[PDB]
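Engineer: Sharing run-v7.cif, mmCIF, C-alpha atoms and all ligand atoms:
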```cif
data_data
#
loop_
_atom_site.label_atom_id
_atom_site.label_comp_id
_atom_site.auth_asym_id
_atom_site.auth_seq_id
_atom_site.Cartn_x
_atom_site.Cartn_y
_atom_site.Cartn_z
CA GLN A 51 26.21 -37.74 -22.56
CA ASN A 52 22.52 -38.34 -22.96
CA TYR A 53 20.67 -36.18 -25.46
CA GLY A 54 19.01 -34.41 -22.52
CA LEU A 55 16.48 -37.08 -21.59
CA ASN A 56 16.15 -35.99 -17.95
CA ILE A 57 16.12 -32.21 -18.48
CA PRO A 58 12.85 -30.26 -18.88
CA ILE A 59 12.15 -28.11 -21.93
CA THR A 60 10.49 -24.93 -20.73
CA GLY A 61 8.35 -23.71 -23.61
CA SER A 62 5.96 -20.82 -24.03
CA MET A 63 2.33 -20.15 -24.90
CA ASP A 64 2.92 -16.98 -26.96
CA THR A 65 5.68 -17.89 -29.43
CA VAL A 66 4.39 -17.59 -32.98
CA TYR A 67 4.04 -20.69 -35.13
CA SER A 68 6.92 -21.40 -37.47
CA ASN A 69 5.74 -21.78 -41.04
CA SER A 70 4.95 -24.92 -43.03
CA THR A 71 7.24 -27.94 -43.40
CA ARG A 72 5.39 -30.12 -45.95
CA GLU A 73 7.89 -29.13 -48.64
CA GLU A 74 10.92 -30.12 -46.57
CA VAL A 75 9.44 -33.42 -45.39
CA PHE A 76 8.69 -34.28 -49.02
CA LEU A 77 12.18 -33.31 -50.17
CA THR A 78 13.80 -35.37 -47.38
CA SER A 79 11.62 -38.41 -46.67
CA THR A 80 11.01 -41.37 -48.98
CA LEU A 81 7.48 -42.65 -49.50
CA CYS A 82 7.10 -46.34 -49.93
CA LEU A 83 4.33 -48.80 -50.79
CA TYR A 84 3.72 -52.48 -50.10
CA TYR A 85 1.09 -53.92 -52.45
CA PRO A 86 -0.01 -57.47 -53.29
CA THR A 87 0.88 -59.25 -56.50
CA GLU A 88 -2.85 -59.17 -57.28
CA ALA A 89 -2.54 -55.41 -57.76
CA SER A 90 0.02 -55.72 -60.55
CA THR A 91 -1.88 -58.66 -62.04
CA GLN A 92 -5.10 -56.64 -62.26
CA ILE A 93 -3.29 -53.53 -63.48
CA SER A 94 -1.86 -55.57 -66.38
CA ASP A 95 0.99 -53.13 -66.93
CA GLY A 96 4.66 -52.63 -66.11
CA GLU A 97 5.09 -48.98 -66.81
CA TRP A 98 2.66 -48.39 -63.94
CA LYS A 99 5.52 -47.97 -61.48
CA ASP A 100 6.86 -45.16 -63.66
CA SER A 101 3.43 -43.60 -64.09
CA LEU A 102 2.83 -43.58 -60.34
CA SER A 103 6.29 -42.15 -59.70
CA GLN A 104 5.65 -39.28 -62.11
CA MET A 105 2.26 -38.69 -60.48
CA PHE A 106 3.96 -38.49 -57.09
CA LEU A 107 6.45 -36.06 -58.61
CA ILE A 108 3.60 -33.82 -59.72
CA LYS A 109 2.18 -34.20 -56.21
CA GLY A 110 5.45 -32.87 -54.78
CA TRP A 111 7.94 -35.68 -54.03
CA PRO A 112 11.32 -35.73 -55.82
CA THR A 113 11.88 -38.59 -58.24
CA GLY A 114 14.05 -41.08 -56.38
CA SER A 115 11.79 -41.09 -53.31
CA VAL A 116 8.75 -43.34 -53.95
CA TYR A 117 9.66 -47.03 -53.71
CA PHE A 118 7.22 -49.82 -54.55
CA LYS A 119 7.44 -53.31 -53.03
CA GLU A 120 5.44 -56.42 -53.84
CA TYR A 121 4.41 -59.35 -51.64
CA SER A 122 2.51 -62.46 -52.67
CA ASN A 123 -0.16 -62.08 -49.96
CA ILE A 124 -0.67 -61.09 -46.34
CA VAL A 125 0.27 -64.38 -44.69
CA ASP A 126 3.42 -64.80 -46.79
CA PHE A 127 4.42 -61.18 -46.20
CA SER A 128 4.02 -61.89 -42.49
CA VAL A 129 7.14 -64.11 -42.42
CA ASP A 130 9.84 -61.62 -41.39
CA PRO A 131 8.34 -58.43 -42.84
CA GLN A 132 11.33 -56.14 -43.36
CA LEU A 133 10.16 -52.58 -43.97
CA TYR A 134 13.23 -51.49 -45.93
CA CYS A 135 12.09 -47.99 -46.18
CA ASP A 136 11.12 -44.67 -44.62
CA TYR A 137 7.38 -43.83 -44.91
CA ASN A 138 5.72 -47.23 -45.14
CA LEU A 139 2.20 -47.66 -46.50
CA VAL A 140 1.04 -51.27 -46.44
CA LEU A 141 -1.92 -51.72 -48.75
CA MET A 142 -3.71 -54.80 -47.49
CA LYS A 143 -6.60 -56.61 -49.15
CA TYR A 144 -9.24 -58.06 -46.84
CA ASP A 145 -10.70 -61.51 -47.38
CA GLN A 146 -12.56 -63.77 -44.99
CA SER A 147 -10.62 -66.11 -42.68
CA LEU A 148 -7.57 -63.80 -42.84
CA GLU A 149 -8.94 -61.65 -40.00
CA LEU A 150 -6.55 -62.92 -37.34
CA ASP A 151 -3.36 -63.14 -39.40
CA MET A 152 -4.05 -59.74 -40.95
CA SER A 153 -4.56 -58.32 -37.45
CA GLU A 154 -1.34 -59.97 -36.28
CA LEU A 155 0.65 -58.48 -39.15
CA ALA A 156 -0.86 -55.07 -38.43
CA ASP A 157 0.10 -55.40 -34.77
CA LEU A 158 3.63 -56.53 -35.59
CA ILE A 159 4.45 -53.70 -37.97
CA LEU A 160 2.49 -50.90 -36.27
CA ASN A 161 4.06 -51.46 -32.84
CA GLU A 162 7.74 -51.58 -31.88
CA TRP A 163 8.78 -54.92 -30.41
CA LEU A 164 11.93 -55.75 -28.45
CA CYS A 165 12.61 -59.43 -29.13
CA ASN A 166 14.92 -61.84 -27.33
CA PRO A 167 15.80 -65.35 -28.53
CA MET A 168 14.26 -68.53 -27.17
CA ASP A 169 15.83 -72.00 -27.06
CA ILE A 170 12.72 -74.16 -27.16
CA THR A 171 14.22 -77.61 -26.67
CA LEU A 172 16.10 -76.63 -23.49
CA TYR A 173 14.32 -74.07 -21.32
CA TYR A 174 10.77 -73.37 -20.22
CA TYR A 175 9.43 -69.86 -20.79
CA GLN A 176 6.96 -67.54 -19.08
CA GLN A 177 5.40 -64.26 -20.15
CA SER A 178 6.33 -61.42 -17.83
CA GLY A 179 3.25 -59.23 -18.15
CA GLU A 180 0.62 -57.63 -20.32
CA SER A 181 3.09 -56.33 -22.92
CA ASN A 182 4.91 -59.61 -23.64
CA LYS A 183 4.11 -62.11 -26.39
CA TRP A 184 5.80 -64.95 -28.23
CA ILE A 185 6.15 -64.22 -31.95
CA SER A 186 6.72 -67.27 -34.14
CA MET A 187 7.69 -66.76 -37.79
CA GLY A 188 8.67 -69.18 -40.53
CA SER A 189 7.35 -71.49 -43.20
CA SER A 190 5.16 -73.64 -40.91
CA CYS A 191 4.75 -72.45 -37.31
CA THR A 192 2.73 -75.04 -35.42
CA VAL A 193 2.95 -74.23 -31.71
CA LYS A 194 1.98 -76.67 -28.96
CA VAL A 195 2.40 -75.53 -25.35
CA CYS A 196 2.20 -77.53 -22.14
CA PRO A 197 1.87 -75.40 -18.98
CA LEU A 198 3.68 -76.59 -15.87
CA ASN A 199 2.53 -76.26 -12.27
CA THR A 200 4.62 -75.60 -9.16
CA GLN A 201 5.94 -79.19 -9.31
CA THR A 202 7.21 -78.89 -12.92
CA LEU A 203 4.52 -81.38 -14.04
CA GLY A 204 2.26 -80.34 -16.88
CA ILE A 205 -1.40 -79.56 -16.23
CA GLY A 206 -3.72 -81.12 -18.77
CA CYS A 207 -0.66 -82.52 -20.56
CA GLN A 208 2.41 -84.64 -19.87
CA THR A 209 5.76 -83.21 -20.93
CA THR A 210 6.78 -86.54 -22.50
CA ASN A 211 3.69 -87.21 -24.65
CA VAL A 212 3.69 -84.41 -27.23
CA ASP A 213 0.19 -85.36 -28.40
CA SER A 214 -1.28 -84.13 -25.11
CA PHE A 215 0.24 -80.66 -25.64
CA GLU A 216 -2.35 -77.95 -26.21
CA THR A 217 -2.01 -76.56 -29.72
CA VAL A 218 -2.28 -72.77 -29.74
CA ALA A 219 -1.56 -71.86 -33.39
CA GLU A 220 -1.20 -74.32 -36.26
CA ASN A 221 0.36 -73.79 -39.69
CA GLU A 222 0.64 -70.01 -39.65
CA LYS A 223 3.51 -68.13 -41.24
CA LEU A 224 3.24 -65.64 -38.35
CA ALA A 225 1.72 -66.30 -34.93
CA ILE A 226 1.68 -63.80 -32.07
CA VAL A 227 0.66 -66.02 -29.15
CA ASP A 228 -0.22 -64.92 -25.63
CA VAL A 229 -0.51 -67.35 -22.73
CA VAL A 230 -1.44 -66.84 -19.09
CA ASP A 231 1.34 -64.76 -17.57
CA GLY A 232 3.25 -66.47 -14.76
CA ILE A 233 3.36 -70.16 -15.72
CA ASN A 234 6.33 -72.04 -17.10
CA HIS A 235 5.65 -73.75 -20.41
CA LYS A 236 7.18 -76.45 -22.58
CA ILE A 237 6.87 -75.64 -26.28
CA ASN A 238 7.08 -78.07 -29.20
CA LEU A 239 7.84 -75.87 -32.23
CA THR A 240 9.24 -77.47 -35.34
CA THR A 241 12.64 -75.82 -35.01
CA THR A 242 13.76 -76.55 -38.58
CA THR A 243 11.28 -74.13 -40.21
CA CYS A 244 9.86 -71.78 -37.59
CA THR A 245 11.73 -69.53 -35.18
CA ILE A 246 10.11 -68.12 -32.04
CA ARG A 247 11.17 -64.99 -30.15
CA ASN A 248 10.10 -63.63 -26.76
CA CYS A 249 8.99 -60.09 -27.62
CA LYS A 250 8.10 -57.22 -25.34
CA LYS A 251 5.92 -54.51 -26.89
CA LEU A 252 7.31 -50.99 -26.61
CA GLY A 253 5.38 -47.96 -27.84
CA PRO A 254 3.98 -47.58 -31.35
CA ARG A 255 6.08 -47.67 -34.46
CA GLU A 256 4.48 -44.41 -35.59
CA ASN A 257 6.03 -44.49 -39.04
CA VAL A 258 4.28 -47.34 -40.87
CA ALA A 259 0.60 -46.99 -41.73
CA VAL A 260 -1.74 -49.77 -42.80
CA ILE A 261 -4.38 -49.19 -45.48
CA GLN A 262 -7.02 -51.89 -45.46
CA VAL A 263 -8.68 -52.18 -48.84
CA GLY A 264 -11.76 -54.39 -48.34
CA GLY A 265 -14.23 -55.03 -45.57
CA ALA A 266 -15.21 -53.55 -42.24
CA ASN A 267 -12.70 -52.42 -39.63
CA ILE A 268 -11.48 -55.60 -37.92
CA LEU A 269 -7.85 -54.97 -36.96
CA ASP A 270 -7.62 -55.51 -33.20
CA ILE A 271 -3.99 -54.50 -32.78
CA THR A 272 -4.33 -54.75 -28.99
CA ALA A 273 -4.53 -58.42 -28.05
CA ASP A 274 -6.37 -57.54 -24.85
CA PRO A 275 -10.12 -57.94 -25.48
CA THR A 276 -11.35 -55.14 -23.21
CA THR A 277 -9.92 -52.48 -25.56
CA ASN A 278 -10.05 -52.12 -29.34
CA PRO A 279 -8.55 -48.68 -30.01
CA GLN A 280 -8.66 -47.14 -33.48
CA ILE A 281 -5.29 -45.71 -34.50
CA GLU A 282 -5.18 -42.89 -37.02
CA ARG A 283 -2.51 -44.87 -38.90
CA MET A 284 -5.05 -47.63 -39.67
CA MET A 285 -6.93 -46.44 -42.75
CA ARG A 286 -9.74 -48.25 -44.54
CA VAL A 287 -10.84 -47.56 -48.12
CA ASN A 288 -13.37 -49.50 -50.17
CA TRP A 289 -12.37 -50.57 -53.65
CA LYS A 290 -13.14 -52.26 -56.89
CA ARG A 291 -10.21 -51.18 -59.11
CA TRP A 292 -6.60 -51.19 -57.98
CA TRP A 293 -5.96 -48.22 -60.24
CA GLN A 294 -8.61 -46.26 -58.37
CA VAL A 295 -7.01 -47.31 -55.09
CA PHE A 296 -3.57 -46.14 -56.19
CA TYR A 297 -4.96 -42.86 -57.49
CA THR A 298 -6.67 -42.27 -54.15
CA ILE A 299 -3.36 -42.89 -52.39
CA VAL A 300 -1.47 -40.55 -54.71
CA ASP A 301 -4.10 -37.83 -54.43
CA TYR A 302 -4.29 -37.98 -50.62
CA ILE A 303 -0.62 -38.70 -49.90
CA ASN A 304 -0.14 -35.40 -48.06
CA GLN A 305 -2.80 -36.24 -45.49
CA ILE A 306 -1.41 -39.75 -44.99
CA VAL A 307 2.11 -38.56 -44.26
CA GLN A 308 0.67 -35.80 -42.07
CA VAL A 309 -0.88 -38.63 -40.05
CA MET A 310 2.37 -40.61 -40.04
CA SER A 311 5.72 -39.48 -38.61
CA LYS A 312 9.34 -39.75 -39.74
CA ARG A 313 11.36 -39.66 -36.52
CA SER A 314 10.29 -43.19 -35.55
CA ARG A 315 12.55 -44.98 -38.02
CA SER A 316 15.16 -47.62 -37.21
CA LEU A 317 18.52 -48.29 -38.82
CA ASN A 318 17.61 -51.92 -39.39
CA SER A 319 14.86 -52.78 -41.83
CA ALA A 320 13.82 -55.50 -39.39
CA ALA A 321 10.45 -55.06 -37.71
CA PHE A 322 11.83 -55.53 -34.19
CA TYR A 323 14.85 -54.84 -31.99
CA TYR A 324 16.74 -58.11 -31.54
CA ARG A 325 18.52 -57.88 -28.18
CA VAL A 326 19.99 -61.43 -27.89
CA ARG B 440 17.40 -155.73 -59.73
CA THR B 441 20.00 -155.73 -56.99
CA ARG B 442 20.77 -156.90 -53.46
CA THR B 443 20.16 -153.57 -51.74
CA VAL B 444 16.41 -153.04 -51.31
CA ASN B 445 14.42 -151.35 -48.55
CA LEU B 446 17.23 -149.13 -47.31
CA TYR B 447 16.40 -145.82 -45.65
CA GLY B 448 18.29 -142.83 -47.01
CA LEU B 449 18.61 -140.60 -50.07
CA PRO B 450 21.21 -141.47 -52.73
CA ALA B 451 22.88 -138.86 -54.90
CA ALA B 452 21.66 -140.45 -58.14
CA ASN B 453 18.80 -138.01 -58.87
CA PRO B 454 18.09 -135.90 -55.78
CA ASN B 455 16.26 -133.16 -57.68
CA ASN B 456 13.42 -135.58 -58.51
CA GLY B 457 12.38 -133.44 -61.46
CA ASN B 458 12.01 -130.37 -59.24
CA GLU B 459 13.64 -127.06 -60.09
CA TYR B 460 14.38 -126.52 -56.40
CA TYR B 461 13.56 -127.48 -52.83
CA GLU B 462 12.23 -124.52 -50.83
CA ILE B 463 12.20 -123.64 -47.14
CA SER B 464 10.59 -120.66 -45.40
CA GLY B 465 11.03 -119.20 -41.97
CA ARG B 466 11.92 -116.34 -39.67
CA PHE B 467 15.49 -115.08 -39.38
CA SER B 468 16.56 -113.03 -36.36
CA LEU B 469 19.84 -111.14 -36.04
CA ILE B 470 21.33 -108.85 -33.38
CA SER B 471 24.49 -107.63 -35.09
CA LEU B 472 26.28 -104.35 -34.41
CA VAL B 473 26.38 -101.24 -36.60
CA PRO B 474 28.04 -97.79 -36.40
CA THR B 475 25.51 -95.01 -35.70
CA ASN B 476 27.28 -91.75 -34.96
CA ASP B 477 24.35 -89.88 -36.51
CA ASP B 478 22.81 -89.86 -33.03
CA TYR B 479 25.73 -88.02 -31.40
CA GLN B 480 24.14 -89.13 -28.16
CA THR B 481 23.96 -86.56 -25.61
CA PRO B 482 20.32 -85.66 -26.27
CA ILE B 483 18.26 -87.05 -23.51
CA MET B 484 19.00 -83.79 -21.82
CA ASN B 485 17.00 -82.49 -18.88
CA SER B 486 14.99 -79.48 -19.97
CA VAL B 487 14.89 -77.02 -17.06
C1 LIG A 501 7.64 -18.70 -43.50
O1 LIG A 501 6.35 -18.70 -44.09
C2 LIG A 501 5.74 -17.40 -44.06
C3 LIG A 501 4.34 -17.55 -44.59
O2 LIG A 501 3.77 -16.29 -44.92
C4 LIG A 501 6.58 -16.41 -44.87
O3 LIG A 501 6.01 -15.11 -44.74
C5 LIG A 501 8.02 -16.40 -44.39
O4 LIG A 501 8.82 -15.63 -45.28
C6 LIG A 501 8.58 -17.82 -44.31
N1 LIG A 501 9.92 -17.81 -43.73
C7 LIG A 501 11.01 -17.44 -44.41
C8 LIG A 501 12.30 -17.49 -43.66
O5 LIG A 501 10.95 -17.08 -45.58
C1 LIG A 502 8.09 -81.82 -31.46
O1 LIG A 502 7.47 -83.09 -31.47
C2 LIG A 502 7.83 -83.89 -32.60
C3 LIG A 502 7.01 -85.16 -32.53
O2 LIG A 502 7.47 -86.12 -33.47
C4 LIG A 502 9.33 -84.16 -32.59
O3 LIG A 502 9.69 -84.88 -33.77
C5 LIG A 502 10.10 -82.84 -32.55
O4 LIG A 502 11.49 -83.10 -32.37
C6 LIG A 502 9.61 -81.98 -31.39
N1 LIG A 502 10.27 -80.69 -31.41
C7 LIG A 502 10.67 -80.05 -30.30
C8 LIG A 502 11.33 -78.72 -30.51
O5 LIG A 502 10.50 -80.53 -29.18
CA CA A 503 -4.18 -82.09 -23.44
CA CA A 504 -0.73 -64.83 -36.88
CA CA A 505 0.46 -62.44 -21.99
CA CA A 506 -8.48 -55.84 -28.41
#
```
Taking this structure as input, can you express it in the form of structure tokens?
Structural biologist:
Amino acid sequence: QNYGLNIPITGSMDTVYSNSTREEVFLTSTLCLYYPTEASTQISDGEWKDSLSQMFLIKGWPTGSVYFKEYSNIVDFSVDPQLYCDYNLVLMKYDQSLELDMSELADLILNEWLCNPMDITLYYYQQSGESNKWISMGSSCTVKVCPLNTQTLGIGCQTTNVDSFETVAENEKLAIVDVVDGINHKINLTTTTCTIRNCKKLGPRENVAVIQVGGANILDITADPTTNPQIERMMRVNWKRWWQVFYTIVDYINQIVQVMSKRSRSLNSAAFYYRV
Amino acid sequence: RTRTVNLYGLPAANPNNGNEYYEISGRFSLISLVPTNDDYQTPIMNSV
């Protein structure tokens, strides 16, 4: 049996609101932070995890519910970001020249992706439509594509001479690459380090929220240029002191989780649905 | 002080001639076999 997917739910416009649920969502869910190593370095502590946990307890979350996680930086977190955890808040420090990789990480974790494998050395690969991308993750993802015409001969590049291949993203830990949809391609991607998946983009992973810490709003989650929507799960707070940032988070946690949702969680901590 | 004079050759009396060694240089080409199973040759495969 389905859960009732194709059955309508007749409601009403006079039923009275059921009462609050903040208490129950606190007592069930688990809040969870992803912060850079710079945060701990500037805090210069090591009971700060305990202090923040007790602050969250006073705010109304039971003890074993707030889990802190540490990543070296944005680009290195981008390599297979496994959100091992229920309500995800990714604190993310802005610095120049990280605009694109920061945006790519935000896209990857905010949206749900259905990823299939790709065998680069053997087959050519297209992109079906607007919602499909190629996501390449690893230690050194240099991607060089050669598009083929109707005659299986490359255009602007010969399939034999890899130098003529058009490089589309060099030396990123994560690269979400789009190419014109409907052309076969030959990819030269460094198979020892980097792995590349053909990923469709389903709806939004409406569980993880991204808190930018530095500059102006720049996260273009939608790769299409005509639209730059602003999701309520993309927050932006100025800063000088990481302690002030964490106190702001702890003080306003209720609003943040009210913005986020719990139902959109997956059994796997992976940030995509691998469908072989 | 002997019969044999003005003979062309090189006797074995003192061939070194006070030299530590006679030297020769050149190029040295070789086409010998070798086992290379590291290829495991069936990659030239037709990508399709
Ligand atoms: C739900 O909340 C309202 C708020 O006034 C309260 O009166 C009611 O008792 C609550 N429900 C139950 C079952 O206690
Ligand atoms: C990419 O090109 C380099 C060029 O030296 C080659 O060594 C490597 O095997 C190629 N990788 C793929 C997946 O074609
Ligand atoms: Ca070229
Ligand atoms: Ca990237
Ligand atoms: Ca595309
Ligand atoms: Ca856009």
Engineer: Can you list, as a ChimeraX atom specification, every protein, DNA or RNA residue that comes within 7 Å of residue 487 in chain B when you count all atoms listed in the file, leaving out same-chain residues fewer than 2 positions away?
Structural biologist: /A:172-174 /B:485
Engineer: Can you list, as a VMD selection string, every protein, DNA or RNA residue that comes within 8 Å of residue 132 in chain A when you count only C-alpha atoms, leaving out same-chain residues fewer than 6 positions away?
Structural biologist: chain A and resid 319 to 321
Engineer: Can I get the residues close to ligand CA 506 (chain A) as a list in words, where close means within 7 Å and we count only C-alpha atoms and all ligand atoms?
Structural biologist: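 Protein and nucleic-acid residues within 7 Å of ligand CA 506 (chain A): residues 270, 271, 272, 273, 274, 275, 276, 277 and 278 of chain A.
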Engineer: Would you mind listing, as a list in words, all residues of chain A that have at least one atom within 12 Å of chain B, where all atoms listed in the file are what counts?
Structural biologist: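 Residues of chain A within 12 Å of chain B, counting all atoms listed in the file: residues 169, 170, 171, 172, 173, 174, 175, 198, 202, 203, 209, 210, 234, 235, 236 and 237 of chain A.
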Engineer: Within 8 Å of ligand CA 504 (chain A), which residues show up when you count all atoms listed in the file? List them as an mmCIF file with C-alpha atoms, in the frame of the given file, please.
Structural biologist:
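Contents of pocket22.cif, as written:
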```cif
data_model
loop_
_atom_site.group_PDB
_atom_site.id
_atom_site.type_symbol
_atom_site.label_atom_id
_atom_site.label_comp_id
_atom_site.auth_asym_id
_atom_site.auth_seq_id
_atom_site.Cartn_x
_atom_site.Cartn_y
_atom_site.Cartn_z
ATOM 1 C CA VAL A 125 0.270 -64.380 -44.690
ATOM 2 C CA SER A 128 4.020 -61.890 -42.490
ATOM 3 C CA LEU A 150 -6.550 -62.920 -37.340
ATOM 4 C CA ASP A 151 -3.360 -63.140 -39.400
ATOM 5 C CA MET A 152 -4.050 -59.740 -40.950
ATOM 6 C CA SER A 153 -4.560 -58.320 -37.450
ATOM 7 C CA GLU A 154 -1.340 -59.970 -36.280
ATOM 8 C CA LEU A 155 0.650 -58.480 -39.150
ATOM 9 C CA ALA A 219 -1.560 -71.860 -33.390
ATOM 10 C CA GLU A 222 0.640 -70.010 -39.650
ATOM 11 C CA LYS A 223 3.510 -68.130 -41.240
ATOM 12 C CA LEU A 224 3.240 -65.640 -38.350
ATOM 13 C CA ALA A 225 1.720 -66.300 -34.930
ATOM 14 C CA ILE A 226 1.680 -63.800 -32.070
ATOM 15 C CA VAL A 227 0.660 -66.020 -29.150
#
```
Engineer: When distances are computed from all atoms listed in the file, which of A:255, A:313, A:194, A:290 shows the smallest separation from ligand CA 503 (chain A)?
Structural biologist: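 Of A:255, A:313, A:194, A:290, the one nearest ligand CA 503 (chain A) is A:194, counting all atoms listed in the file.
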Engineer: So that each row is one residue of chain A with an atom at most 10 Å from ligand CA 503 (chain A), can you give its shortest atom pair and the distance in Å to one decimal, using all atoms listed in the file, rows by chain and rising number, as CSV?
Structural biologist:
```
residue,atom,partner,partner_atom,distance
A:194,CA,A:CA503,CA,9.9
A:195,CA,A:CA503,CA,9.5
A:196,CA,A:CA503,CA,7.9
A:204,CA,A:CA503,CA,9.4
A:205,CA,A:CA503,CA,8.1
A:206,CA,A:CA503,CA,4.8
A:207,CA,A:CA503,CA,4.6
A:208,CA,A:CA503,CA,7.9
A:211,CA,A:CA503,CA,9.5
A:212,CA,A:CA503,CA,9.0
A:213,CA,A:CA503,CA,7.4
A:214,CA,A:CA503,CA,3.9
A:215,CA,A:CA503,CA,5.1
A:216,CA,A:CA503,CA,5.3
A:217,CA,A:CA503,CA,8.6
```
Engineer: Next, write the just-selected residues to a file, as a short mmCIF file (atom, residue, chain, number, x, y, z; two decimals), keeping the file's coordinate frame, keeping C-alpha atoms as the atom set.
Structural biologist:
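What ended up in selection-v6.cif:
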```
data_model
loop_
_atom_site.label_atom_id
_atom_site.label_comp_id
_atom_site.auth_asym_id
_atom_site.auth_seq_id
_atom_site.Cartn_x
_atom_site.Cartn_y
_atom_site.Cartn_z
CA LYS A 194 1.98 -76.67 -28.96
CA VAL A 195 2.40 -75.53 -25.35
CA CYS A 196 2.20 -77.53 -22.14
CA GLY A 204 2.26 -80.34 -16.88
CA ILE A 205 -1.40 -79.56 -16.23
CA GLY A 206 -3.72 -81.12 -18.77
CA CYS A 207 -0.66 -82.52 -20.56
CA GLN A 208 2.41 -84.64 -19.87
CA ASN A 211 3.69 -87.21 -24.65
CA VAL A 212 3.69 -84.41 -27.23
CA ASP A 213 0.19 -85.36 -28.40
CA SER A 214 -1.28 -84.13 -25.11
CA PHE A 215 0.24 -80.66 -25.64
CA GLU A 216 -2.35 -77.95 -26.21
CA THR A 217 -2.01 -76.56 -29.72
#
```
Engineer: Report the centre and edge lengths, in Å to one decimal, of an axis-aligned box enclosing every atom of range 465-468 of chain B listed in the file, padded by 3 Å on each side, as JSON.
Structural biologist:
```
{"center_x": 13.8, "center_y": -116.1, "center_z": -39.2, "size_x": 11.5, "size_y": 12.2, "size_z": 11.6}
```
Engineer: All residues within 10 Å of ligand CA 505 (chain A) are required, counting all atoms listed in the file; please report them as a VMD selection string.
Structural biologist: chain A and resid 176 to 184 227 to 232 250 273 to 274
Engineer: Just the number, please: distance in Å from atom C5 of ligand LIG 502 (chain A) to CA of residue 239 in chain A, one decimal.
Structural biologist: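 Straight-line distance from atom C5 of ligand LIG 502 (chain A) to CA of residue 239 in chain A works out to 7.3 Å.
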Engineer: With all atoms listed in the file as the basis for distance, which of B:469, B:462, B:449, B:482 is at the shortest distance from ligand LIG 502 (chain A)?
Structural biologist: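 That would be B:482, the residue with the smallest distance to ligand LIG 502 (chain A).
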Engineer: Considering all atoms listed in the file, can you say which of A:108, A:192, A:89, A:56 comes closest to ligand LIG 502 (chain A)?
Structural biologist: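 Among A:108, A:192, A:89, A:56, it is A:192 that comes nearest to ligand LIG 502 (chain A).
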Engineer: Provide the CA of residue 82 in chain A to CA of residue 118 in chain A distance in Å, to one decimal place.
Structural biologist: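 These atoms are spaced 5.8 Å apart.
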Engineer: To one decimal place, how far is CA of residue 106 in chain A from CA of residue 84 in chain A in Å?
Structural biologist: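 Taking CA of residue 106 in chain A as the start and CA of residue 84 in chain A as the end point, the length is 15.6 Å.
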Engineer: Give as a PyMOL selection string the residues surrounding ligand LIG 501 (chain A) up to a distance of 10 Å, considering all atoms listed in the file.
Structural biologist: chain A and resi 67-71
Engineer: Please complete range 463-474 of chain B so it has N, CA and C atoms, and hand it over as a tab-separated table (two decimals), keeping the file's coordinate frame.
Structural biologist:
```tsv
chain	number	residue	atom	x	y	z
B	463	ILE	N	12.45	-123.70	-48.57
B	463	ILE	CA	12.20	-123.64	-47.14
B	463	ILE	C	11.92	-122.18	-46.79
B	464	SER	N	10.97	-121.98	-45.89
B	464	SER	CA	10.59	-120.66	-45.40
B	464	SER	C	10.89	-120.58	-43.92
B	465	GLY	N	10.97	-119.36	-43.40
B	465	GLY	CA	11.03	-119.20	-41.97
B	465	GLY	C	11.34	-117.77	-41.56
B	466	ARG	N	11.56	-117.62	-40.26
B	466	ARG	CA	11.92	-116.34	-39.67
B	466	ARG	C	13.40	-116.39	-39.30
B	467	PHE	N	14.04	-115.22	-39.34
B	467	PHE	CA	15.49	-115.08	-39.38
B	467	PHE	C	15.82	-113.84	-38.56
B	468	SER	N	16.30	-114.07	-37.34
B	468	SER	CA	16.56	-113.03	-36.36
B	468	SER	C	18.06	-112.80	-36.24
B	469	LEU	N	18.44	-111.55	-36.03
B	469	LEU	CA	19.84	-111.14	-36.04
B	469	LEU	C	19.98	-109.96	-35.09
B	470	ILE	N	21.11	-109.90	-34.38
B	470	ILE	CA	21.33	-108.85	-33.38
B	470	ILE	C	22.68	-108.18	-33.59
B	471	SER	N	23.13	-108.09	-34.83
B	471	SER	CA	24.49	-107.63	-35.09
B	471	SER	C	24.65	-106.14	-34.81
B	472	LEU	N	25.91	-105.73	-34.69
B	472	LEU	CA	26.28	-104.35	-34.41
B	472	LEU	C	26.21	-103.51	-35.68
B	473	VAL	N	26.44	-102.21	-35.51
B	473	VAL	CA	26.38	-101.24	-36.60
B	473	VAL	C	26.91	-99.91	-36.08
B	474	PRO	N	27.62	-99.11	-36.89
B	474	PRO	CA	28.04	-97.79	-36.40
B	474	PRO	C	26.97	-96.75	-36.65
```
